[PDB]
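Scroll down for the structure; my scribbles are underneath it.
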Amino acid sequence: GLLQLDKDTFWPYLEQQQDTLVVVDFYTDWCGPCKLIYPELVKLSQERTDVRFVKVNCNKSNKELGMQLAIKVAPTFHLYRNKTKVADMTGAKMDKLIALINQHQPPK
C-alpha cells in the first residue's frame with residue numbers, strides 16, 4: 001500500500017524528499033476510477049523503487065490541502081521535485097501516468 005499523506009504531513013514529506021521524484025495520487029472515497037487504478041499503482045511503486053509513490057485522501061479533514069492544491073478531478077496525479085510540482089494529470093489513465101513519469105524520471 002502507498003504511503004498516505006495528510007494536510008499536516010504533505011509539505012513536510014516533500015520538504016525532506018530532496019529532489020527524488022514524488023508521485024501523488026489524490027483520491028476520494030467516492031471515486032470509482034481510483035479503485036480501478038490502485039492495484040496498478042501499487043504494482044508500479046514496487047517496480048519503480050527510485051520514485052516515491054504516495055496518496056492523499058481529499059476529504060473534509062484535508063479540505064484545506066485540497067483547496068490549496070486546487071484539486072478538481074478524482075483521481076488527480078501530481079509529480080513533485082524539490083517541493084515543486086513538475087507535472088500533473090487527471091483521471092485513471094495509467095498509460096498516460098507511466099509516460100508522464102518516464103518523461104521526468106526515465107528508468108535505469
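Letters A, B, ... go to the chains of the C-alpha cells in the order shown; residues in each chain start at 1; ligands are counted from 1 in the same order.
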
Under the rule of at most 8 Å, produce a per-residue listing of region 4-48 of chain A near region 86-100 of chain A: chain, number, name, the closest pair of atoms, and the distance in Å, as a Markdown table, using only C-alpha atoms.
| residue | atom | partner | partner_atom | distance |
| --- | --- | --- | --- | --- |
| A:33 | CA | A:92 | CA | 5.7 |
| A:34 | CA | A:92 | CA | 6.4 |
| A:36 | CA | A:92 | CA | 7.6 |
| A:37 | CA | A:92 | CA | 5.9 |
| A:40 | CA | A:94 | CA | 7.6 |
| A:41 | CA | A:94 | CA | 7.9 |

Please identify all polymer residues within 10 Å of residue 62 (chain A), counting only C-alpha atoms, omitting same-chain residues fewer than 6 positions from it, and present them as a PDB file with N, CA and C atoms, in the first residue's frame.
ATOM      1  N   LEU A   5      -0.365  10.510   2.947  1.00  0.00           N
ATOM      2  CA  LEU A   5      -0.095  11.842   3.472  1.00  0.00           C
ATOM      3  C   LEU A   5      -1.408  12.558   3.759  1.00  0.00           C
ATOM      4  N   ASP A   6      -1.345  13.528   4.677  1.00  0.00           N
ATOM      5  CA  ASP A   6      -2.481  14.327   5.133  1.00  0.00           C
ATOM      6  C   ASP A   6      -2.120  15.800   5.043  1.00  0.00           C
ATOM      7  N   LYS A   7      -3.045  16.667   5.475  1.00  0.00           N
ATOM      8  CA  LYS A   7      -2.765  18.097   5.408  1.00  0.00           C
ATOM      9  C   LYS A   7      -1.598  18.495   6.308  1.00  0.00           C
ATOM     10  N   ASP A   8      -1.347  17.757   7.380  1.00  0.00           N
ATOM     11  CA  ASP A   8      -0.218  18.125   8.222  1.00  0.00           C
ATOM     12  C   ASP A   8       1.083  17.429   7.837  1.00  0.00           C
ATOM     13  N   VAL A  56      -3.167  10.777  -1.126  1.00  0.00           N
ATOM     14  CA  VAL A  56      -3.826  11.786  -0.308  1.00  0.00           C
ATOM     15  C   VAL A  56      -5.325  11.617  -0.500  1.00  0.00           C
TER      16      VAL A  56
END

Inset, instruction - From the DSSP assignment of the backbone, select every residue of region 41-91 of chain A that is helix (DSSP H, G or I), and format the answer as a list in words. - result: residues 41, 42, 43, 44, 45, 46, 47, 63, 64, 65, 66, 67 and 68 of chain A

Output N, CA and C atoms for every residue in the selection just made, as an mmCIF file, in the first residue's frame.
data_model
loop_
_atom_site.group_PDB
_atom_site.id
_atom_site.type_symbol
_atom_site.label_atom_id
_atom_site.label_comp_id
_atom_site.auth_asym_id
_atom_site.auth_seq_id
_atom_site.Cartn_x
_atom_site.Cartn_y
_atom_site.Cartn_z
ATOM 1 N N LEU A 41 -1.129 1.031 -9.614
ATOM 2 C CA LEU A 41 -0.261 1.985 -8.934
ATOM 3 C C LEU A 41 0.654 1.289 -7.933
ATOM 4 N N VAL A 42 0.086 0.445 -7.067
ATOM 5 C CA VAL A 42 0.922 -0.290 -6.122
ATOM 6 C C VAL A 42 1.980 -1.083 -6.877
ATOM 7 N N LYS A 43 1.570 -1.743 -7.969
ATOM 8 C CA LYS A 43 2.487 -2.507 -8.810
ATOM 9 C C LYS A 43 3.630 -1.633 -9.293
ATOM 10 N N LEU A 44 3.283 -0.514 -9.925
ATOM 11 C CA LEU A 44 4.287 0.420 -10.404
ATOM 12 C C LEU A 44 5.235 0.844 -9.285
ATOM 13 N N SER A 45 4.704 1.058 -8.080
ATOM 14 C CA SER A 45 5.545 1.560 -6.995
ATOM 15 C C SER A 45 6.586 0.532 -6.586
ATOM 16 N N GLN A 46 6.237 -0.751 -6.671
ATOM 17 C CA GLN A 46 7.171 -1.811 -6.317
ATOM 18 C C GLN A 46 8.214 -2.031 -7.397
ATOM 19 N N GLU A 47 7.905 -1.648 -8.629
ATOM 20 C CA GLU A 47 8.853 -1.752 -9.727
ATOM 21 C C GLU A 47 9.779 -0.541 -9.749
ATOM 22 N N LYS A 63 -9.499 19.261 3.746
ATOM 23 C CA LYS A 63 -10.105 20.164 2.775
ATOM 24 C C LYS A 63 -9.227 21.371 2.496
ATOM 25 N N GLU A 64 -8.459 21.830 3.482
ATOM 26 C CA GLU A 64 -7.570 22.958 3.214
ATOM 27 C C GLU A 64 -6.466 22.563 2.240
ATOM 28 N N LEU A 65 -5.996 21.325 2.332
ATOM 29 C CA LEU A 65 -4.983 20.867 1.399
ATOM 30 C C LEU A 65 -5.543 20.769 -0.013
ATOM 31 N N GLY A 66 -6.752 20.216 -0.164
ATOM 32 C CA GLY A 66 -7.354 20.138 -1.489
ATOM 33 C C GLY A 66 -7.608 21.510 -2.093
ATOM 34 N N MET A 67 -8.048 22.453 -1.269
ATOM 35 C CA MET A 67 -8.251 23.806 -1.775
ATOM 36 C C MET A 67 -6.924 24.465 -2.134
ATOM 37 N N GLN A 68 -5.922 24.344 -1.262
ATOM 38 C CA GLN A 68 -4.622 24.959 -1.527
ATOM 39 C C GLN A 68 -4.008 24.414 -2.808
#

Inset, instruction - Can you pull out every residue within 6 Å of region 16-24 of chain A, counting only C-alpha atoms, but drop anything in the same chain fewer than 5 positions away, and send it as a ChimeraX atom specification? - result: /A:51-55,77-82

Go ahead and dump the residues you just picked, N, CA, C and O atoms, as a compact mmCIF listing (two decimals), in the first residue's frame.
# COMPACT_ATOMS: atom_id res chain seq x y z
N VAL A 51 11.39 6.02 -7.47
CA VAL A 51 10.39 7.07 -7.40
C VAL A 51 9.55 6.85 -6.14
O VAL A 51 9.31 5.70 -5.76
N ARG A 52 9.09 7.93 -5.51
CA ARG A 52 8.19 7.85 -4.34
C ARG A 52 6.74 7.89 -4.79
O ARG A 52 6.33 8.80 -5.51
N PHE A 53 5.94 6.92 -4.33
CA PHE A 53 4.50 6.92 -4.60
C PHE A 53 3.78 7.10 -3.27
O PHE A 53 4.03 6.37 -2.31
N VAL A 54 2.91 8.12 -3.21
CA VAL A 54 2.14 8.43 -2.02
C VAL A 54 0.72 8.78 -2.45
O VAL A 54 0.44 8.98 -3.64
N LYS A 55 -0.18 8.83 -1.47
CA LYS A 55 -1.59 9.07 -1.75
C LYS A 55 -2.17 10.01 -0.70
O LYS A 55 -1.73 10.03 0.45
N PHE A 77 -3.17 13.24 -10.36
CA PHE A 77 -1.78 12.91 -10.06
C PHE A 77 -0.93 14.15 -10.20
O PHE A 77 -1.06 14.88 -11.20
N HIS A 78 -0.11 14.42 -9.19
CA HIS A 78 0.92 15.45 -9.20
C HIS A 78 2.28 14.76 -9.19
O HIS A 78 2.46 13.76 -8.49
N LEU A 79 3.24 15.30 -9.94
CA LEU A 79 4.64 14.92 -9.80
C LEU A 79 5.39 16.10 -9.19
O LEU A 79 5.22 17.24 -9.66
N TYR A 80 6.22 15.82 -8.19
CA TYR A 80 6.98 16.83 -7.46
C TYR A 80 8.48 16.52 -7.47
O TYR A 80 8.90 15.36 -7.38
N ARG A 81 9.27 17.59 -7.50
CA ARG A 81 10.69 17.54 -7.20
C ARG A 81 11.04 18.84 -6.50
O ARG A 81 10.56 19.91 -6.90
N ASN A 82 11.88 18.76 -5.47
CA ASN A 82 12.31 19.94 -4.74
C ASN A 82 11.12 20.79 -4.32
O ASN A 82 11.07 22.00 -4.55

Legend entry - DSSP strand (DSSP E or B) residues within chain A, listed as a PyMOL selection string: chain A and resi 3-5+22-27+52-57+76-81+84-90

Go ahead and write the residues just picked, N, CA, C and O atoms, as a JSON list (two decimals), in the first residue's frame.
[["chain", "number", "residue", "atom", "x", "y", "z"],
["A", 3, "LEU", "N", 2.17, 4.98, 0.82],
["A", 3, "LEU", "CA", 2.23, 5.84, 2.00],
["A", 3, "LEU", "C", 1.17, 6.93, 1.90],
["A", 3, "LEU", "O", 1.06, 7.61, 0.88],
["A", 4, "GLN", "N", 0.39, 7.10, 2.96],
["A", 4, "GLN", "CA", -0.66, 8.11, 2.97],
["A", 4, "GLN", "C", -0.14, 9.39, 3.61],
["A", 4, "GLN", "O", 0.46, 9.35, 4.69],
["A", 5, "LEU", "N", -0.36, 10.51, 2.95],
["A", 5, "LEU", "CA", -0.09, 11.84, 3.47],
["A", 5, "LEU", "C", -1.41, 12.56, 3.76],
["A", 5, "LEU", "O", -2.44, 12.28, 3.14],
["A", 22, "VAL", "N", 8.45, 12.53, -6.68],
["A", 22, "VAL", "CA", 7.32, 12.11, -5.84],
["A", 22, "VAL", "C", 6.06, 12.13, -6.68],
["A", 22, "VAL", "O", 5.71, 13.17, -7.25],
["A", 23, "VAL", "N", 5.36, 11.00, -6.74],
["A", 23, "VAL", "CA", 4.09, 10.88, -7.47],
["A", 23, "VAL", "C", 2.97, 10.82, -6.43],
["A", 23, "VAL", "O", 2.98, 9.94, -5.56],
["A", 24, "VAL", "N", 2.03, 11.75, -6.51],
["A", 24, "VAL", "CA", 0.95, 11.85, -5.53],
["A", 24, "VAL", "C", -0.35, 11.45, -6.20],
["A", 24, "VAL", "O", -0.76, 12.04, -7.21],
["A", 25, "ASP", "N", -1.01, 10.46, -5.63],
["A", 25, "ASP", "CA", -2.33, 10.03, -6.05],
["A", 25, "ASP", "C", -3.34, 10.70, -5.11],
["A", 25, "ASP", "O", -3.48, 10.30, -3.94],
["A", 26, "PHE", "N", -4.01, 11.74, -5.59],
["A", 26, "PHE", "CA", -5.11, 12.36, -4.86],
["A", 26, "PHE", "C", -6.39, 11.62, -5.23],
["A", 26, "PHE", "O", -6.78, 11.61, -6.41],
["A", 27, "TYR", "N", -7.02, 10.99, -4.25],
["A", 27, "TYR", "CA", -8.20, 10.15, -4.48],
["A", 27, "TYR", "C", -9.32, 10.60, -3.54],
["A", 27, "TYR", "O", -9.15, 11.50, -2.71],
["A", 52, "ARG", "N", 9.09, 7.93, -5.51],
["A", 52, "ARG", "CA", 8.19, 7.85, -4.34],
["A", 52, "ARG", "C", 6.74, 7.89, -4.79],
["A", 52, "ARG", "O", 6.33, 8.80, -5.51],
["A", 53, "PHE", "N", 5.94, 6.92, -4.33],
["A", 53, "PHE", "CA", 4.50, 6.92, -4.60],
["A", 53, "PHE", "C", 3.78, 7.10, -3.27],
["A", 53, "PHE", "O", 4.03, 6.37, -2.31],
["A", 54, "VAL", "N", 2.91, 8.12, -3.21],
["A", 54, "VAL", "CA", 2.14, 8.43, -2.02],
["A", 54, "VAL", "C", 0.72, 8.78, -2.45],
["A", 54, "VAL", "O", 0.44, 8.98, -3.64],
["A", 55, "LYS", "N", -0.18, 8.83, -1.47],
["A", 55, "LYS", "CA", -1.59, 9.07, -1.75],
["A", 55, "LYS", "C", -2.17, 10.01, -0.70],
["A", 55, "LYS", "O", -1.73, 10.03, 0.45],
["A", 56, "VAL", "N", -3.17, 10.78, -1.13],
["A", 56, "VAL", "CA", -3.83, 11.79, -0.31],
["A", 56, "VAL", "C", -5.33, 11.62, -0.50],
["A", 56, "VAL", "O", -5.83, 11.69, -1.63],
["A", 57, "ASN", "N", -6.04, 11.34, 0.59],
["A", 57, "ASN", "CA", -7.49, 11.25, 0.54],
["A", 57, "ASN", "C", -8.06, 12.67, 0.64],
["A", 57, "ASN", "O", -8.02, 13.29, 1.70],
["A", 76, "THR", "N", -6.52, 12.74, -9.28],
["A", 76, "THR", "CA", -5.52, 13.63, -9.86],
["A", 76, "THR", "C", -4.15, 13.09, -9.48],
["A", 76, "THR", "O", -3.98, 12.53, -8.39],
["A", 77, "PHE", "N", -3.17, 13.24, -10.36],
["A", 77, "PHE", "CA", -1.78, 12.91, -10.06],
["A", 77, "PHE", "C", -0.93, 14.15, -10.20],
["A", 77, "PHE", "O", -1.06, 14.88, -11.20],
["A", 78, "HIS", "N", -0.11, 14.42, -9.19],
["A", 78, "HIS", "CA", 0.92, 15.45, -9.20],
["A", 78, "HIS", "C", 2.28, 14.76, -9.19],
["A", 78, "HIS", "O", 2.46, 13.76, -8.49],
["A", 79, "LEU", "N", 3.24, 15.30, -9.94],
["A", 79, "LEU", "CA", 4.64, 14.92, -9.80],
["A", 79, "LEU", "C", 5.39, 16.10, -9.19],
["A", 79, "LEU", "O", 5.22, 17.24, -9.66],
["A", 80, "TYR", "N", 6.22, 15.82, -8.19],
["A", 80, "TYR", "CA", 6.98, 16.83, -7.46],
["A", 80, "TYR", "C", 8.48, 16.52, -7.47],
["A", 80, "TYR", "O", 8.90, 15.36, -7.38],
["A", 81, "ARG", "N", 9.27, 17.59, -7.50],
["A", 81, "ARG", "CA", 10.69, 17.54, -7.20],
["A", 81, "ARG", "C", 11.04, 18.84, -6.50],
["A", 81, "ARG", "O", 10.56, 19.91, -6.90],
["A", 84, "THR", "N", 8.31, 21.17, -5.51],
["A", 84, "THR", "CA", 7.69, 21.93, -6.59],
["A", 84, "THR", "C", 7.05, 20.98, -7.59],
["A", 84, "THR", "O", 7.67, 19.99, -8.00],
["A", 85, "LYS", "N", 5.82, 21.30, -7.99],
["A", 85, "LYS", "CA", 5.08, 20.49, -8.94],
["A", 85, "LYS", "C", 5.72, 20.59, -10.32],
["A", 85, "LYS", "O", 5.80, 21.68, -10.89],
["A", 86, "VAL", "N", 6.20, 19.47, -10.86],
["A", 86, "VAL", "CA", 6.75, 19.48, -12.21],
["A", 86, "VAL", "C", 5.78, 18.98, -13.26],
["A", 86, "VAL", "O", 6.03, 19.18, -14.46],
["A", 87, "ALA", "N", 4.67, 18.34, -12.87],
["A", 87, "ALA", "CA", 3.65, 17.95, -13.84],
["A", 87, "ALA", "C", 2.38, 17.56, -13.10],
["A", 87, "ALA", "O", 2.39, 17.31, -11.90],
["A", 88, "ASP", "N", 1.27, 17.51, -13.85],
["A", 88, "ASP", "CA", 0.07, 16.91, -13.30],
["A", 88, "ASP", "C", -0.77, 16.32, -14.42],
["A", 88, "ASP", "O", -0.62, 16.67, -15.58],
["A", 89, "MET", "N", -1.66, 15.42, -14.04],
["A", 89, "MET", "CA", -2.67, 14.92, -14.96],
["A", 89, "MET", "C", -3.85, 14.46, -14.13],
["A", 89, "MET", "O", -3.74, 14.24, -12.92],
["A", 90, "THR", "N", -5.00, 14.35, -14.79],
["A", 90, "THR", "CA", -6.22, 13.90, -14.13],
["A", 90, "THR", "C", -6.71, 12.61, -14.76],
["A", 90, "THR", "O", -6.36, 12.28, -15.90]]
